[PDB]
Structures are given as C-alpha cells and as structure tokens.
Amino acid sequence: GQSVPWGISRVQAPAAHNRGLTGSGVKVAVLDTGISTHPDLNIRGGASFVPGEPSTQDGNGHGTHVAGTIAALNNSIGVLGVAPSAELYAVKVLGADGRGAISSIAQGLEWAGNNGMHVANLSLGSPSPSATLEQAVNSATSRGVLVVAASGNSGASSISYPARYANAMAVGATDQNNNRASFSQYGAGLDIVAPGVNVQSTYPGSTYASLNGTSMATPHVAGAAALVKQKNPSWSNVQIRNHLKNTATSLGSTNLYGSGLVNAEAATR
C-alpha cells in the first residue's frame, strides 16, 4: 500500500499530479551522502567526489531520505515524493559520516552544470563563507541550474552558506501548525519555507524513516521546482525561483518565513 507523507500533502503536490505534472523530463541532482538502491526510487546515474567512497550508494541514510521527498515513485508501495517522475542523479559530495570537504561540494556543483541538471538540491550548510563554494554556486547558476539550499538548523536569526549567497534559493522549515520549526535558521536572504518536522521518506535497507531538519524542507522545494519546469519548459532557473516565491502562501514574517510556504498547486496553476 502507498502512504502520502504529511509534508507532501501540505505543499499540495497531489493537486499538481492530478494535473499530469510529475517532474517528467526534469533532471534533479541530490548533492548529499549518496542514494541507495531502493524499491521506491529510480536513480538514473550520478558521480562521487568523496575519495574513500567511489560508489554513489548511501552509507548514511541522509541522501536517500532527501531523494525520496523529491521523487519517491508513485506506485503501490512506500511513499510518494513531490515530483515522482523526476530524473534523479546521485551526486555524492558527503561521506557516510555526513561530513564533506568544500572542494567535494564545489565539484559536485560543477558536475551538475556540466551535465545539464535543471535543479540541484544541497541539504547542507556551513556558518562560514567560502570563495570556492560561492564560485561553484555561481558557475552552476550561469549554466542554468537552480540551486536550492537549506537555511541551517541552529535556530539563529541569520542563515548558513551556501543558502545565504544570492544565487542559491534558501529554504527554511515549518511544522504541522505552519509555524517556523525552532531549529530553522531565518533572517536576511531566506526565500521560502517547507515541511521539515517528522518527515517520512525512503531509507537504506529498503525501509522508511522519519527525520527532522531544514535538510528535509529543501527537497520539497527542489521538487516543486521540477513541477514548474515540466509545466513551463522554457523557463530559466530565475523564472522558476521567482514564481515559487510569487505563489507561496504567506505565513507571517518575511524575516521568519521569506515568501512563505511553498505551494505546488498554486505554482502549477
């Protein structure tokens, strides 16, 4: 039997799938700990930039769970992602320990732009800026990639990098009451928010697990971006980003929430 996680229903992704918008023909790169083979996922390819781990398989769990919020398959098992027909690419930039070097994330972003990805999901972040990282964000953006990044989980009133950079779309986390989750970083540069508490998705060992974090909010927006691109295939990364903000539901403070809650129904109208 298949279960629809509350967050998927909260961003109104079934209303888009009822219009025939599933993410088909949109390439989405998940720059994370890898993606493990799973019955409710279809991985099309990828690359690893982690020296001790030449495989794209996930030794952690985090990248698999991210991948499932974006694109868990629409069938009779497991769960359902926002864009269940997106072409999923596993770009391992972080190791089995969740740790990763900035050089690894920056070549992940160069691979994305070199391989014609439409959206790159970075559910990772640092409180410090990096020249290397910002240059990689900018080069993937000028190669048409929409870079979507987590605001961070420290609860502080300023957001992490790369989300703070102008060319990355910054995503915060909400709870089931549409309040800011207490860990969700906010402040200048935050663009939008999405569900990030008690998020059920695909996990290694052909199972399902619940996690909390702005890392779980980010894939809801990466997926909504794939829905808008299949609907509007000529739109650029900036057009898609502004539309998602223009159609988001206001939740209060632009300081806390940016444009508000992503809404895949209103975005594919």
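All residue numbers are counted from 1 along the displayed sequence.
Colleague: So which stretch wins on mean C-alpha B-factor, 149-157 or 127-135?
Modeller: According to the PDB entry, the answer is 127-135.
Colleague: On average, which has the higher Cα B-factor in the deposited entry, 93-101 or 77-85?
Modeller: It is 93-101.
Colleague: Choose from 213, 223, 205, 61 the residue with the greatest Cα B-factor as stated in the PDB record.
Modeller: Out of 213, 223, 205, 61, the record gives the largest C-alpha B-factor to 205.
Colleague: Between 141, 185, 114, 174, which one tops the list for Cα B-factor in this entry?
Modeller: Largest recorded C-alpha B-factor: 114.
Colleague: In terms of the CA temperature factor given in the entry, to which third of its chain does residue 267 belong: lowest, middle or highest?
Modeller: According to the entry, residue 267 has a C-alpha B-factor in the chain's highest third.
Colleague: Looking at the entry's B-factor column for C-alpha atoms only, identify whether residue 121 ranks in the lowest, middle or highest third of its chain.
Modeller: Ranked within chain, residue 121 CA B lands in the lowest tercile.
Colleague: Among the chain's modelled residues, which third holds the C-alpha B-factor of residue 23?
Modeller: Ranked within chain, residue 23 CA B lands in the middle tercile.
Colleague: Can you tell me whether residue 252 has a C-alpha B-factor in the lowest, middle or highest third compared with the other modelled residues of the same chain?
Modeller: For residue 252, the deposited C-alpha B-factor lands in the highest third.
Colleague: Going by the entry, which third of its chain does the Cα temperature factor of residue 65 land in?
Modeller: For residue 65, whose C-alpha B-factor we compare with every modelled residue in the chain, the answer is the lowest third.
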